Amino acid sequence: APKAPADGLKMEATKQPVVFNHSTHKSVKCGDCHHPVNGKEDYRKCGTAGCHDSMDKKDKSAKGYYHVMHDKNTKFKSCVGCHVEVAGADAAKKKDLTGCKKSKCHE
Ligand code: HEM
Ligand code: HEM
Ligand code: HEM
Ligand code: HEM
């Protein structure tokens, strides 16, 4: 579809922004994150209206923006959900990839 963006993209819908780099995610297919919607992968921003636009962090339905980035019981893998699988039981990878503070997502 469109060309992937350069690294250094800041996701900043909340008070805890995170930088997302496509280059470090080259082993994952585009469509595993810009997931199919009605049979076609969608490339719009995750928080676009009508998409995951509920900014209530206690909302764990599919509309919750915090939920889609962090939770494990999801239909497509979230940021944290896939990272738990990648980090396994290695303390260094868990710190960098899944920690809530002092990790590569949240300083
Ligand atoms: C695969 C090479 C692939 C493509 C192509 C791609 C495209 C893409 C675009 C065009 C954007 C910008 C969207 C906008 O309107 O700002 C964008 C942004 C994000 N991407 Fe992506 N992307 C590809 C692959 C992947 C992979 C493998 C993941 C998941 C690991 C992923 C995730 C994201 C995220 C998150 C964003 C930011 C969205 C937001 O709401 O800010 N992309 N991508
Ligand atoms: C932006 C790259 C983006 C992410 C991240 C994302 C994640 C995501 C997850 C983890 C789920 C599962 C939720 C659960 O509780 O099981 C999920 C599901 C749906 N999504 Fe999504 N999503 C991103 C992008 C978009 C966009 C741009 C839209 C709006 C067109 C959208 C919509 C949906 C819908 C609909 C679902 C439900 C699944 C279904 O049955 O179709 N997402 N998303
Ligand atoms: C969800 C949008 C999401 C975010 C945010 C994210 C962040 C992230 C960081 C900060 C790193 C470290 C490298 C860097 O600074 O770019 C990293 C690395 C890996 N990720 Fe990730 N990631 C998000 C989503 C996902 C998803 C959905 C998957 C799996 C489906 C995934 C996987 C990976 C992998 C693999 C790595 C590299 C690990 C390594 O080389 O040690 N991420 N991600
Ligand atoms: C550890 C499990 C952990 C916690 C706790 C956590 C919390 C957190 C908060 C409070 C926010 C802001 C929510 C709001 O609406 O104010 C937030 C935002 C994002 N996070 Fe997070 N987070 C934890 C861990 C991780 C990890 C390991 C990553 C990267 C894989 C990650 C990612 C994200 C993303 C993306 C966002 C949204 C950024 C934005 O758009 O502002 N979190 N997190």
Side-chain angles (χ1 to χ4, degrees):
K3 190 177 63 91
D7 287 346
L9 187 161
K10 188 196 225 171
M11 291 177 80
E12 57 179 326
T14 74
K15 300 176 11 205
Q16 297 295 336
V18 171
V19 169
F20 181 79
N21 301 311
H22 274 84
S23 77
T24 53
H25 292 88
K26 79 198 163 128
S27 75
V28 178
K29 168 208 350 259
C30 317
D32 286 332
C33 292
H34 299 289
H35 67 81
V37 176
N38 257 78
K40 207 172 100 198
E41 292 160 358
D42 205 292
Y43 293 78
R44 281 170 299 180
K45 283 197 162 82
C46 319
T48 287
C51 302
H52 308 293
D53 59 4
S54 170
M55 306 289 154
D56 176 346
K57 104 159 50 95
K58 322 159 238 333
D59 174 2
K60 282 344 169 59
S61 79
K63 262 218 115 64
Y65 183 82
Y66 174 97
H67 163 65
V68 305
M69 305 298 174
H70 298 88
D71 287 347
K72 265 75 159 171
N73 283 155
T74 50
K75 278 103 150 209
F76 297 104
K77 279 170 194 317
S78 64
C79 314
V80 178
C82 172
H83 284 188
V84 169
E85 299 186 7
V86 176
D90 172 325
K93 297 192 191 78
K94 283 176 61 176
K95 180 200 156 283
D96 283 354
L97 303 178
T98 67
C100 310
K101 269 219 117 171
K102 298 215 67 71
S103 68
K104 289 183 171 16
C105 293
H106 295 304
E107 36 186 336

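Every number for a ligand or one of its atoms is a count from 1 in the order of the listing. As a basis for the values below, the full set of heavy atoms in this structure was taken, side chains included, without hydrogen atoms, waters or symmetry mates. The residues of the chain are indexed from 1 along the displayed sequence.
Among the backbone and side-chain atoms of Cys105, none of the N, O or S atoms lies under 2.8 Å from atom 21 (Fe) of ligand 4. Because the distance cut-off is set at 2.8 Å, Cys79 fails to qualify as a neighbour of atom 21 (Fe) of ligand 4, as none of its N, O or S atoms comes that close.
Distances between N or O atoms of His83 and those of ligand 4 include no value under 3.5 Å. Considering backbone and side-chain N/O atoms, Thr98 never comes within less than 3.5 Å of an N/O atom of ligand 4. On a distance-only criterion, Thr74 and ligand 2 share no N/O pair closer than 3.5 Å. Backbone and side-chain nitrogen or oxygen atoms of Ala13 are examined, and one is located within less than 3.5 angstrom of a nitrogen or oxygen of ligand 4. Close N/O approach between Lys60 and ligand 2 is not found [any backbone or side-chain N/O within under 3.5 Å]. Residue-to-ligand polar distances keep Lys77 apart from ligand 2: every N/O pair is separated by 3.5 Å or more. Considering backbone and side-chain N/O atoms, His35 comes within less than 3.5 Å of an N/O atom of ligand 2. Of the N or O atoms in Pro2, none lie within a sub-3.5 Å distance of an N or O in ligand 1.
Considering only non-hydrogen atoms, atom 39 (C) of ligand 1 lies nearest to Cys46 out of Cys51, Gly31, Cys46, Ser27.
The shortest heavy-atom distance from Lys29 to ligand 1 is under 4.0 Å. Within the 4.0 Å heavy-atom cutoff, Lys45 counts among the residues contacting ligand 2.
Of the protein's non-hydrogen atoms, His52 NE2, 3.5 Å is the one closest to atom 31 (C) of ligand 2. Nearest protein neighbour of atom 19 (C) of ligand 4, counting heavy atoms only, is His70 CE1, 3.4 Å. Among protein heavy atoms, atom 41 (O) of ligand 4 sits closest to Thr14 OG1, 2.6 Å.
Among protein atoms, those of element N, O or S found less than 2.8 Å away from atom 21 (Fe) of ligand 1 are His22 NE2, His34 NE2.
For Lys58, the NZ atom counts as densely surrounded, since its 6.0 Å shell holds more than 12 non-hydrogen atoms of other residues, nucleotides or ligands.
Of all heavy-atom pairs between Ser23 and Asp7, the closest is OG-OD2, 2.6 Å.
At a heavy-atom cutoff of 4.0 Å, ligand 4 is contacted by the backbone of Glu12 but not by its side chain.
In this structure, a donor-acceptor pair under 3.5 Å is present between the side chains of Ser61 and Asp59.
Placement of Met69 and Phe20 within a single hydrophobic cluster is found when ILVMFWY residues are connected by side-chain heavy-atom separations under 4.5 Å, directly or transitively.
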